[PDB]
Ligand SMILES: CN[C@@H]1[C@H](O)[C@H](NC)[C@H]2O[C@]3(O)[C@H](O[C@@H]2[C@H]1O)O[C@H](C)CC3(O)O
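Just one chain follows, in the form solved without the named molecule, and it is written as structure tokens.
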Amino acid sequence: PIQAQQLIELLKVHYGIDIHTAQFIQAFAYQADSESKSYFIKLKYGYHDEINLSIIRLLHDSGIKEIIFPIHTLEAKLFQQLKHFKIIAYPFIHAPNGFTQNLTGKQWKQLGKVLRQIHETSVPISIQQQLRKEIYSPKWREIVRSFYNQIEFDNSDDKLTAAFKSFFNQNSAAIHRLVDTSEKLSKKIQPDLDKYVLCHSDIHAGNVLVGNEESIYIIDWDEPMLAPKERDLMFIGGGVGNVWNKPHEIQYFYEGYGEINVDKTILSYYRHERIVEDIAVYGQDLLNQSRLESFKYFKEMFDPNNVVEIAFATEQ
């Protein structure tokens, strides 16, 4: 939570960079410009998810360009824990995401090609033991069920808490189905750890910086995992963010992927499941500044042509 001069010194110290500016972008981040090059920094409190930087190494090694690589510290490292802590510099990519920038059909093909490399990238048996495995935890559903009961009129509510409690009832049917379906389809999947692949676990329009020309980047590798490829492929046609829902695009994607057979059941299951999770996530939050957003997003999940519909509409 520091300010320019503070940060400006750390970079000059640990990275050797001579930046004159270090704005802040409302774990924190800033756009620290140099005399010639712009950077994107990440200050993260407490040492966490080191189980991320691995994959970036493994991927950069795999020679996948669509992965923004960190900048080296004088110590020749990718970060600057500085006594347990953590700093991460990245060059600055002036580019909007799929929530702003639409992918040209061509670019879609390229997203197909990189998701495939990633899905075909072998994982060091060692690194494989730190990544999480898809076990179909009935956790999430239990968190949403604990909500059926949690809706009662308690004056000690709030203008915002009421609304959610309301809207949730105003859509109880849909939800139970999402839960009950995410429950039934799990009961049709026979875990096959022999097919699990290195999946980016949340690859929606929000995590693809759609640059110019014909260069794109895939980001946020905080929670990569080993699972049925459909874990990622489900986002193609997903509708997350009220985008990536045009069927004519699902084609451009798989043309850069390859037609490797797709288990429509893991695809359906994962589609209801991610919702249940958000409902359980945005949910448990609305029961302090994100509560305003966690409800705006929560409600969009039910708007025309968004994840909830696409989940119930068998368009696979």
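For the two forms, the rigid core is made up of the largest set of C-alpha atoms that agree within 1.5 Å on superposition. We number the residues from 1 along the sequence you see.
Absent from the display: the form deposited with the named molecule bound. The rest refers to it.
> Would you mind picking out the stretch of 196-204, 153-161, 174-182, 75-83 that comes within 4.5 angstroms of the named molecule in the deposited complex, counting non-hydrogen atoms?
That would be 196-204.
> Any chance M234, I250 and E309 all have a heavy atom within 4.5 Å of the named molecule in the deposited complex?
No, the candidate spot makes no contact with the named molecule.
> Identify, from the list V262, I64, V281, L58, the residue with a heavy atom within 4.5 Å of the named molecule in the deposited complex.
Going through each option in turn, the one that passes is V281.
> Could you work out which of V240, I118, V144, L111 is the residue within 4.5 angstroms of the named molecule in the deposited complex, going by heavy atoms?
Only one option qualifies, and that one is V240.
> Does at least one non-hydrogen atom of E300 fall within 4.5 angstroms of the named molecule in the deposited complex?
Within the cut-off, so yes.
> Does any heavy atom of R274 come within 4.5 Å of a heavy atom of the named molecule in the deposited complex?
Judged by the heavy-atom cut-off of 4.5 Å, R274 is in contact with the named molecule in the deposited complex.
> Examine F99 and determine whether its closest non-hydrogen atom to the named molecule in the deposited complex is within 4.5 angstroms.
Residue-level check for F99: yes, a contact with the named molecule.
> Is any part of 173-199 within 4.5 angstroms of the named molecule in the deposited complex by a non-hydrogen atom, and which residues would that be?
Result: empty, none.
> So which one of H48, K37, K42, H60 actually moves, Cα shift of 2 Å or more between this form and the one not shown once the core is superposed?
The one that shifts is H48.
> After superposing the rigid core, is the C-alpha displacement of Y148 2 Å or more between this form and the one not shown?
It does not reach a 2 Å shift.
> After superposing the rigid core, is the C-alpha displacement of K159 2 Å or more between this form and the one not shown?
No, because once the rigid core is superposed, the C-alpha of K159 moves less than 2 Å between this form and the one not shown.
> If you line up the core, does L82 shift 2 angstroms or more at its C-alpha between this form and the one not shown?
Yes; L82 is a residue whose C-alpha shifts (by 2 Å or more) between this form and the one not shown when the cores are overlaid.
> Are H84 and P124 closer or farther apart at their Cα atoms in the deposited complex than shown, with the shift being 3 Å or more?
The answer is farther, because the C-alphas of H84 and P124 separate from each other in the deposited complex by 3 Å or more.
> Shorter or longer C-alpha distance for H48 and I135 in the deposited complex, given it differs from this form by 3 Å or more?
Compared with the shown chain, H48-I135 is closer in the deposited complex.
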